[PDB]
Amino acid sequence: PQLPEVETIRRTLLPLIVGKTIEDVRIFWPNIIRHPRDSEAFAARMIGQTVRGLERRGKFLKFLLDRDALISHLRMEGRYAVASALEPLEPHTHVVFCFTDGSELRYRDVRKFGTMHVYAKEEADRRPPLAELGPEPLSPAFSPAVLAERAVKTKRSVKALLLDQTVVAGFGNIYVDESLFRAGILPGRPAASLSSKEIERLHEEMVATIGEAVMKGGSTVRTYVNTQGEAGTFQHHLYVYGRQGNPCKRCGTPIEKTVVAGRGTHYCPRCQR
DNA sequence: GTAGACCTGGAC
DNA sequence: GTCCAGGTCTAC
Ligand SMILES: [Zn+2]
């Protein structure tokens, strides 16, 4: 889940939990709990607190309780769902928050990569993992200038740059490949080689892509669904991600896949230079 | 930068 | 069996 997916989950989850008071927190895979490290402290501190809100920062969900904020990262397979505490759990459910009304928030994560951090609301933003995150793409804080500042200072690929949550928060493998395609820039070239024109163009495609993806409820390419278990539809608007071997939508040249910054990378060798 | 981690299930 | 994954983190 990247920004669009996490945002869609946020919108569809919030009304299902706002106003509910945590009665118990059960953890079946402690490793998911990063702070406090002692999972029993993590569980105990939240009991009695009420969910007042649900925000998003980058790819992180931010549950606003009374005193604390629960920072949750879905990683590759983390998913949430709300259901009756009287029904048997689904497979790979590693954390469950039980509310006083009998309903519960269930966190499922097949690969167990997701993480959870709990801090007082005031400390959450000045501690990891939120501390060093870059600006929000759909906000004025993210501009061509900010991209240039970081671009014209490193030799690494422009793709590694865009995947760096400290540069800008929210872009992942899918949206980085789509933005570079739409901006007509090869993923493997040095971020420092990008001209002011390309940077301005990339920034514009980044904002447009992430914005459109949000509207379409995110991209369901493998296992992503919103809190209602519903799939997004932006996958129908992908130009290159997962389309290796298929003809480019703009020029018909077969889309190609390689490895860039240690990750599957999709691009059109004609459209992107 | 870039394998190796961390983990599990799904295509071929 | 072998490869792959909407994500970082880390060790050579
Ligand atoms: Zn093309």
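Residue numbers start from 1 in every chain, and the chains themselves are labelled A, B, ... in the order their sequence lines are given, proteins ahead of strands. Values reported hereafter were calculated over all heavy atoms of this structure, with side chains retained and with hydrogens, waters and symmetry mates removed.
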Same-atom distance ([atom1]) from [N] to [M], integer angstrom:
{"N": "B/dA3", "M": "C/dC4", "atom1": "P", "answer": "13 Å"}
{"N": "B/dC7", "M": "C/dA11", "atom1": "P", "answer": "16 Å"}
{"N": "B/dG9", "M": "C/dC9", "atom1": "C1'", "answer": "23 Å"}
{"N": "C/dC12", "M": "B/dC6", "atom1": "P", "answer": "14 Å"}

Counting N and O atoms only, with roles assigned by atom type, does the side chain of A/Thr12 sit under 3.5 Å from a partner on the main chain of A/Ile9, one being a donor and the other an acceptor?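 Such a contact is found between A/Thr12 side chain and A/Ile9 backbone.
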For A/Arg108, does its backbone N or O pair with a side-chain atom of A/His94 as donor and acceptor, under 3.5 Å?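 No, because the side chain of A/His94 does not come within donor-acceptor range (under 3.5 Å) of the backbone of A/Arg108.
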When you compare the side chains of [X] and [Y], does any donor N or O come within less than 3.5 Å of an acceptor on the partner?
{"X": "A/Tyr107", "Y": "A/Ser72", "result": "no"}
{"X": "A/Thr258", "Y": "A/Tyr267", "result": "no"}
{"X": "A/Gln2", "Y": "A/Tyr224", "result": "no"}

Would you call the rings of A/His266 and A/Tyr241 parallel, tilted or perpendicular, taking 30° and 60° as the class edges?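 Rings of A/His266 and A/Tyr241: tilted, as their planes differ by 30° to 60°.
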Could you check whether the rings of A/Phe63 and A/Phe97 sit parallel, tilted or perpendicular, using 30° and 60° as the cut-offs?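 Rings of A/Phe63 and A/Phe97: parallel, under 30°.
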Hey, mind stepping through A/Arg75 and A/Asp109 against salt bridge (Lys or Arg N to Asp or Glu O under 4.0 Å) and telling me if it holds? CA-CA 9 Å; A/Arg75 189 74 31 171; A/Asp109 192 348; over 6 Å; no
Nearest-nucleotide wise, let me know which of A/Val259 and A/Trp29 is further upstream toward the 5' end of DNA chain B.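 This one resolves to A/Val259.
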Each stem that DNA chain B is part of, given as range with range (3 or more consecutive Watson-Crick or G-U pairs, under 3.5 Å):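 Stems (3+ consecutive pairs) listed as B:3-6 with C:7-10, B:8-12 with C:1-5.
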Output the rounded distance in Å from CD1 (A/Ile32) to P (B/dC7).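 My rounded result for the distance is 11 Å.
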I'd like to compare against my own output: the B/S/- annotation of nucleotides 5-12 of chain C with a strict under-4.0 Å heavy-atom distance to protein. BBBS----
Just to confirm, is there a sub-4.0 Å distance from OP1 or OP2 of B/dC7 to any side-chain nitrogen or oxygen of A/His92?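 So the side chain of A/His92 is outside the cut-off, no N or O lying under 4.0 Å from OP1 or OP2 of B/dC7.
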